[PDB]
């Protein structure tokens, strides 16, 4: 009748252990089937693992979940998360007495964050190739613990943190972009609502 799982977004550093809680309400269905479905970025929904026997535990891709009778839970665990584990994870059940009818939880967005080995945080100004008057501010090469705060000004736009991987160089870097049409907007104060490293490079143009 109901499935409750960890709400919202969960951020975990790579190689840390993970638990995603999921409990179900044993009300009208006396013996449910329990599932974990996963949606990787840009892909469709697919099964991670399932357990159809009360008591047993299922495992896949280093994940593991135990159909706990007494606790009425189906928690998802992994001892060392990998960056490829970033996805949306859905807990689900179906009444085992009638037609298949998956009841999904709210879904949990997992973001596995890589460790930046040699951070070089800096804020750069980039100019439009077409119109030299338009420009954006790029905050990049900062450590993984730095949090990029979204804008609380409707006329200033700040994206979330993005992780890009230059595979031929084996180099990962974080970045966020800020831009605005306000006349007093500058890259020196674009990320002032964030707590960024004290050694952030602000080149003087």
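Residue numbers count along the first chain shown, from 1.
Taking the PDB entry as given, 26 to 34 carries the higher mean Cα B factor of the two stretches 151 to 159 and 26 to 34. Relative to its counterpart among 129 to 137 and 91 to 99, 129 to 137 has the higher mean temperature factor, C-alpha atoms as listed in the PDB entry. Of the candidates 9, 194, 15, 181, the one whose C-alpha carries the top B factor in the deposited record is 181. When the modelled residues of the chain are ordered by C-alpha B-factor, residue 142 sits in the lowest third.
When the modelled residues of the chain are ordered by C-alpha B-factor, residue 54 sits in the highest third. Ranked against the other modelled residues of its chain, the C-alpha B-factor of residue 5 as given in the entry falls in the lowest third. In this PDB entry, the Cα temperature factor of residue 86 sits in the bottom third of its chain's modelled residues, the lowest group.
Split the chain's modelled residues into thirds by C-alpha temperature factor. Residue 66 is in the middle one.
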